[PDB]
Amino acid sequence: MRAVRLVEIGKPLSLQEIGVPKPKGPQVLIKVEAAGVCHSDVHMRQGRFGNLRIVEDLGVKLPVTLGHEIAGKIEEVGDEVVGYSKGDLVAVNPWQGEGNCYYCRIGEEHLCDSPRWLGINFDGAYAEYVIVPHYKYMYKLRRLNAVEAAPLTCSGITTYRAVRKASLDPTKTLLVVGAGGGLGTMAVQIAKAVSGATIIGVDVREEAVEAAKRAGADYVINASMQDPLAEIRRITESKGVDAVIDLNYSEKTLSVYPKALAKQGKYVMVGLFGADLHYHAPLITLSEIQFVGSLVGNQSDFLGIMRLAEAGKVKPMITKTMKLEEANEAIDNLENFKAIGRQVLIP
């Protein structure tokens, strides 16, 4: 099969012809129909995963096949696989744990001490076939097709968990920074579909602000025009928001929006963008605010988002299909910020 792999750090990804794995035990072999590409892949091609080294820190034995956003048809199964048949359309949770550690025993597999992340330190979906270590990490698609589901295994589960960490309910108000972007609109849809909270979205361009409203935001704010903090104080009547979800934060967002927090407000940070949180401790203690990290998600999170998307209660991202061979080009577009919607490869 064809495979686009990270052969040498720095250089561009290399197309190779390698053997097709034979699944044993609980393993499943998927014929890839959709392989999502996100900004994470820019870092990956560099050797890092958010200021790390898939090589030094995550023990990768180059080359590895990228592609952590996976959907496709079951091609073959090991003899321990139960509940799935050749031909089933499935999406795959790539954030897998080994089972024995603390995080795996308490149901936080994605935080496993020895992660098995498909597309990051295990061969991924940038190929005609990919091996799924255990069939339990799959979800049968009935409403969505591969292209629509694949991005959900990453952006879907990520914003789903962030909304959860926002501890929302009908009595609260949520601020989504960058609400007009791909991640942002996903967050808005998920918040509206599951919390009942009042949703405020803020973005910089007009199209974005428009998109956030379409996604279901109760209030939208163009930071280019009005003062975000002033508008939030107006809308919340000076209380502030009970939660902020800052998707792919920056030095900017982190220096601004924490000021919008209401007492007991939670500032949920997502993404690996290199920035530092500077903040006056006494402020944190007086207001009982909280800064909380969030990355990808667990089996429960995956189950939840897939259930929402298959229910139609949440809508597929704007995607742009491309060829397996255009992998580098797709990553370049993200590295240059010229990417249309979510780019998905079709082997």
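The first residue of the shown sequence is 1; numbering continues from there.
Enquirer: Highest mean C-alpha temperature factor of the two stretches 267-275 and 117-125, which is it?
Expert: Of 267-275 and 117-125, the stretch with the higher C-alpha B-factor average is 267-275.
Enquirer: Test of understanding: from the entry's C-alpha B-factors, which stretch has the higher mean, 223-231 or 155-163?
Expert: For C-alpha atoms only, the mean B-factor is higher in 223-231.
Enquirer: Can you tell me which of 37, 70, 55, 292 has the highest Cα temperature factor in the record?
Expert: Among 37, 70, 55, 292, the highest C-alpha B-factor in the entry belongs to 55.
Enquirer: Between 297, 26, 50, 304, which one tops the list for C-alpha B-factor in the PDB entry?
Expert: Across 297, 26, 50, 304, the entry lists the biggest C-alpha B-factor for 50.
Enquirer: Lowest, middle or highest third: which one holds residue 32 when the chain's residues are ordered by CA B-factor from the entry?
Expert: Answer is lowest: the recorded C-alpha B-factor places it there.
Enquirer: By its CA B factor, does residue 185 count among the lowest, middle or highest third of the modelled residues in the chain?
Expert: For residue 185, the deposited C-alpha B-factor lands in the middle third.
Enquirer: Can you tell me whether residue 213 has a C-alpha B-factor in the lowest, middle or highest third compared with the other modelled residues of the same chain?
Expert: Highest third, going by the recorded CA B-factors of the chain.
Enquirer: For residue 169, return the chain-relative third of its C-alpha B-factor as stated in the PDB record: lowest, middle or highest.
Expert: Middle third.
Enquirer: Quick check on the deposited entry: does the C-alpha B-factor of residue 242 sit in the lowest, middle or highest third of its chain?
Expert: Within its chain, residue 242 is a lowest-third residue by C-alpha B-factor, going by the deposited values.
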